[PDB]
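Included below are structure tokens for two forms of one protein chain, each presented in isolation as structure 1 and structure 2.
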Structure 1
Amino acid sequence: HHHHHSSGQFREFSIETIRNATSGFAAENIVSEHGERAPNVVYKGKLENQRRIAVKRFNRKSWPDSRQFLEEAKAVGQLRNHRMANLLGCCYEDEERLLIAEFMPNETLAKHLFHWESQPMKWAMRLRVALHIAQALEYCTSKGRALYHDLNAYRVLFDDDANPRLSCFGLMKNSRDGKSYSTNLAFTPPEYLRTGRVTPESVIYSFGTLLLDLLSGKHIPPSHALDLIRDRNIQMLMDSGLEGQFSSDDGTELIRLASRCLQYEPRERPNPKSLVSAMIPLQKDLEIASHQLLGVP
């Protein structure tokens, strides 16, 4: 009952295996947004042993040299941690360039925060998300993957137990020669648009934007949020759907953490160890299981 035991070692899959598992990349199995119009596409799959997988399918042009693709995929595939949707393998046969990860069946932070079905996300879950993602980043950095290419709400996934995890796919670029941030520039770190180079300090700024998303319940430009915080207009910032779930004090403390993350100078931002340390004491409702908190099983 696969989510019981360890992920198992990184391996190379055949294209027949992956075609069989995804019903030949059936559009019905697309789990990413925008169907086949997106520059890459993620499919749900199921292996013959019933293990569920996520298959990221790239255009050959993104990763034309399979040797480079495999090398990168293998390095990411060494990482194994319960805060990650871990990378199980890759496939580079028949002109395909595929990454294979643990399937996370409860969608994304984007879905449950911005596009919720039952109920808005509970404060305690928002905090659990921030902790788990901080622990994921600390893990990744400890294993020599300190870059993460566009940390945002779509990278946060919910596992079989409805626990938040970080996508392994963002540990690699969307193409060999591409940009590390392909999303709206108003959300990117200030030095990024100067240099076009992702550093570990970039990821921390992006964690800050994740915090702002969690605080506000919407995808707020950081300059707008920072104006509100500067002017002490917190009631304009905070999600009105959180009313009565949090102290002014613990809300304050999370905004303080966001402010550090979002510092203009990269050397002033916290590191992942420090994010973990700041998030631990903020945790609430430890006794409520994630499936109950999220509103799933």
Structure 2
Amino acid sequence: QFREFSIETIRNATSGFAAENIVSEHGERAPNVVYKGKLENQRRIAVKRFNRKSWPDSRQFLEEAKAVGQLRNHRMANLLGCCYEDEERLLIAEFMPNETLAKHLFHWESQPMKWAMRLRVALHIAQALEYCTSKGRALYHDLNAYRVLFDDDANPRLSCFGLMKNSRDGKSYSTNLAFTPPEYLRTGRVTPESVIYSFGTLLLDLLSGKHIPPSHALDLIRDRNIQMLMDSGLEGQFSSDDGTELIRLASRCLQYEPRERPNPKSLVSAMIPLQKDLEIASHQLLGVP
């Protein structure tokens, strides 16, 4: 059950917000800073520590946090609680011990992430989006490869933290404008269809093995230059038909007109026939213990 924590409990859990416990990607001074920690009951947690003045009205912070806290789903890194003591504003979620899509996709060591695992990620994150939308939390802020986490069993989950803004009013620059949907640039506002565009960028990441700007990818797609778009490290793991099917889904997600983008259920349905190696456990596919 969603619960409140004292700041002392959370400082104890994170060794006083020790810098080496940061597991997010922007360091200590960013709008989005997440620390790993461990509670007295041995439960491992992720703690997002909001900036001072980001959510100054604790009633508003709590309302938001509690709303996110009602969500419970296997495709999410779920929100367990919050803290709003002594000007701190913290979100406490399930710890994900196998790091991020970014680590395994962009910063691989043994070998590139397998196609089968990339497609499993895409499907499971689409399912996470379907769930969040189902529970009235259709807005998601800054979805990218750093918000896709891997659990104890190496299964992909969507971080719950992106369901809340980094600050109620502060302009965030947490996603470079190259990756934001066109309606954000016009209005400064996120809509349900905005996250679908972001999901399109995630598909581009998975297809290419890098965080390719949509403008550039869309040029390649217009040219049907699949060989320049797709990750050379995937060679021989996928049929041209399936590669193309996923590119076509990305193109739908990245449509200028928000109403033309797929709804989450359509993303899930489109992903099913592309799945590969269903019988293989995620830890084997991802290459973690």
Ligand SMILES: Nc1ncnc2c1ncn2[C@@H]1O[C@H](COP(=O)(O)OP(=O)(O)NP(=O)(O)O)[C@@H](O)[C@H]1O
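The term rigid core refers to the maximal set of C-alpha atoms that superpose within 1.5 Å between the two forms. FYI, numbering is relative to structure 1, first residue = 1.
K.L.:
Would you indicate whether the form solved in complex with the ligand is structure 1 or structure 2?
P.N.:
Structure 1, which is the form solved in complex with the ligand, differs in this respect from structure 2.
K.L.:
Scan 180, 163, 141, 135 for the one whose CA shifts by 2 Å or more between the two structures after superposing the rigid core, and name it.
P.N.:
The only residue crossing the 2 Å threshold is 180.
K.L.:
Please state whether residue 266 has a C-alpha shift of 2 Å or more between the two structures, with the rigid core used for the fit.
P.N.:
Comparing forms between the two structures, the residue 266 CA shifts below 2 Å.
K.L.:
Quick one: once the rigid core is lined up, does residue 40 have its C-alpha move by 2 Å or more between the two structures?
P.N.:
Superposed on the core, residue 40 moves its C-alpha 2 Å or more between the two structures.
K.L.:
Keeping the rigid core superposed, can you check how far the CA atom of residue 20 moves between the two structures, in angstrom?
P.N.:
Its C-alpha position differs by 1.3 Å.
K.L.:
Give the rigid core superposed Cα shift of residue 278 between the two structures, in Å, rounded to one decimal.
P.N.:
After core superposition, the C-alpha of residue 278 moves 0.7 Å between the two structures.
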